[PDB]
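A single chain, nothing else alongside it, follows as structure tokens in the form solved without the DNA.
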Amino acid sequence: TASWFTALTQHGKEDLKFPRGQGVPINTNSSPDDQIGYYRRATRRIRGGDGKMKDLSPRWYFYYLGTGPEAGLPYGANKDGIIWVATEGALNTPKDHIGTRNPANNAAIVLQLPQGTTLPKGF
């Protein structure tokens, strides 16, 4: 269970969020009804240089609605580390026909957004 897309890295202090209508990654292999889902924060820890564990910059992976680690959440559900995005005209239906990616036979799609998308500080 992998995201179809590469991650957004949060270098700043602000959690990811998008104005309504923005934030769905571009995917030419999906249609207007599909453009809806969530980002999920994935945090990694590493052995620091001084020996103590430390956090790396959080990553945010996009998943289509009804897929991925929170495949059961309905759109808009409040849950820490989960933020919601939807393009105008998407259908609030699970996207099982898109699903998630098997790295064995599909590279990640480099995450792109249409120009002029409003990113928070640090993304």
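For clarity, a rigid core is taken as the largest C-alpha set superposing within 1.5 Å between two forms. Heads up: residue numbers just count along the shown sequence, starting at 1. Residues that one form lacks are left out of the comparison.
What comes next is about the form solved in complex with the DNA, which is not displayed.
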Look at the candidate spot formed by 12, 75 and 95 and say whether the DNA comes within 4.5 Å of a heavy atom in all three of them in the deposited complex.
no
Please check if residue 56 has a heavy atom lying within 4.5 Å of any heavy atom of the DNA in the deposited complex.
yes
Would residue 89 show up as a contact with the DNA in the deposited complex if we use heavy atoms at 4.5 Å?
no
Any chance residue 26 has a heavy atom within 4.5 Å of the DNA in the deposited complex?
no
Just checking whether residue 32 would be counted as a contact of the DNA in the deposited complex - the rule being heavy atoms within 4.5 angstroms.
no
Taking the DNA in the deposited complex, which residues along 70-86 bring a heavy atom to within 4.5 Å of it?
none
Threshold 2 Å Cα movement between this form and the one not shown at residue 76, rigid core reference:
no
Did residue 54 shift 2 Å or more between this form and the one not shown, C-alpha, core superposed
yes
Large-shift segments between this form and the one not shown, meaning 3+ residue runs whose Cα move 2 Å or more when the rigid core is superposed:
47-54
